[PDB]
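Everything on this sheet refers to the single structure shown next.
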Amino acid sequence: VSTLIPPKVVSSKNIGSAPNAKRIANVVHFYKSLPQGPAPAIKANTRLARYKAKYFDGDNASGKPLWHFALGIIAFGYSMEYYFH
Amino acid sequence: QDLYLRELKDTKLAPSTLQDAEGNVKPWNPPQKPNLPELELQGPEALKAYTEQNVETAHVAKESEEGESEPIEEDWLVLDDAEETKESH
Numbered sequence: 001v002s003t004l005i006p007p008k009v010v011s012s013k014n015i016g017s018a019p020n021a022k023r024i025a026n027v028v029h030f031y032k033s034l035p036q037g038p039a040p041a042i043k044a045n046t047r048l049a050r051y052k053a054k055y056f057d058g059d060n061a062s063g064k065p066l067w068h069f070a071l072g073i074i075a076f077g078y079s080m081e082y083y084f085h
Numbered sequence: 004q005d006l007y008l009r010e011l012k013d014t015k016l017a018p019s020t021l022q023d024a025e026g027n028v029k030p031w032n033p034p035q036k037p038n039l040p041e042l043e044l045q046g047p048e049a050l051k052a053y054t055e056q057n058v059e060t061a062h063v064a065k066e067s068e069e070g071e072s073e074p075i076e077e078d079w080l081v082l083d084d085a086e087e088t089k090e091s092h
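For the record, the sequence lines run as chains U and 6. Quick note: the first sequence uses the deposited numbering, first residue 1, plus one each step. Quick note: the second sequence uses the deposited numbering, first residue 4, plus one each step.
Written out as structure tokens, the structure reads:
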């Protein structure tokens, strides 16, 4: 009966659809992400932290300090042998 | 040529009482005047329609309007249904 008008009804359409929820998720997801590996805190020491940073990161990740811990029990219990028997 | 002349003078004259001088028509028993110039003077309008076709009806155009000049309760429903069609688009 007249010139009907759905070319411009986008302004209040852009809430209900599914990429709108993904869009408002990931524009929030992107800003607080640190850019290029920044603030990783690669240097730390608390009298036991260099042990962790040298041994217990994902780079080395070897169980040989447990060996040393086992050696520590060889340092401990055998000396407890010297304290008991 | 009295053949030619008298034939042509009777040929002119015996209908000359039918056309030149309005003396009806001596040999015809029905008259000639109340047929074509009186009865069927309305002939083509007895062959067509009188008082609408031949008077020709200079008729005013029946004025149609716009959509009743109400652009609120229908345009906002158009915009809501256009939200609906864009959810279908």
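C-beta: ideal position from N, C-alpha, C; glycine also.
Interface partners of residue i on chain 6, CB under 7 Å
| i | result |
| --- | --- |
| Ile15 (chain U) | Under the 7 Å cutoff, chain 6 gives no residues; its nearest Cβ is about 10 Å from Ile15 (chain U). |
Simplified DSSP state of residue i, which is helix, strand or coil
| i | result |
| --- | --- |
| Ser91 (chain 6) | helix |
| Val1 (chain U) | coil |
| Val28 (chain 6) | coil |
| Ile15 (chain U) | coil |
| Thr60 (chain 6) | coil |
| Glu55 (chain 6) | coil |
Interface partners of residue i on chain U, CB under 8 Å
| i | result |
| --- | --- |
| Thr54 (chain 6) | Those do not exist, as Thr54 (chain 6) stays about 38 Å from chain U at its closest Cβ, beyond 8 Å. |
| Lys89 (chain 6) | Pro6, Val9, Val10, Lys13 |
Chain U contact residues for residue i, given Cβ-Cβ distances below 7 Å
| i | result |
| --- | --- |
| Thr60 (chain 6) | By Cβ distance, chain U contributes nothing, its closest Cβ being about 30 Å from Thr60 (chain 6), past 7 Å. |
Own chain partners of residue i with C-beta closer than 7 Å, once the 5 adjacent residues on each side are dropped
| i | result |
| --- | --- |
| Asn27 (chain 6) | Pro34, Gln35, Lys36 |
| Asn57 (chain 6) | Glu48, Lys51 |
Contacts that residue i makes with chain 6 (C-beta to C-beta distance below 8 Å)
| i | result |
| --- | --- |
| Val1 (chain U) | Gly70 |
Length of the line joining the Cα atoms of residue i and residue j
| i | j | result |
| --- | --- | --- |
| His29 (chain U) | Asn14 (chain U) | 19 Å |
| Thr88 (chain 6) | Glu71 (chain 6) | 25 Å |
| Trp67 (chain U) | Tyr51 (chain U) | 14 Å |
| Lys64 (chain U) | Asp57 (chain U) | 13 Å |
With 8 Å as the C-beta to C-beta threshold (strictly closer), list the residues of the stretch 71 to 85 of chain 6 near chain U in chain order. Correct list: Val81, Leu82, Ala85.
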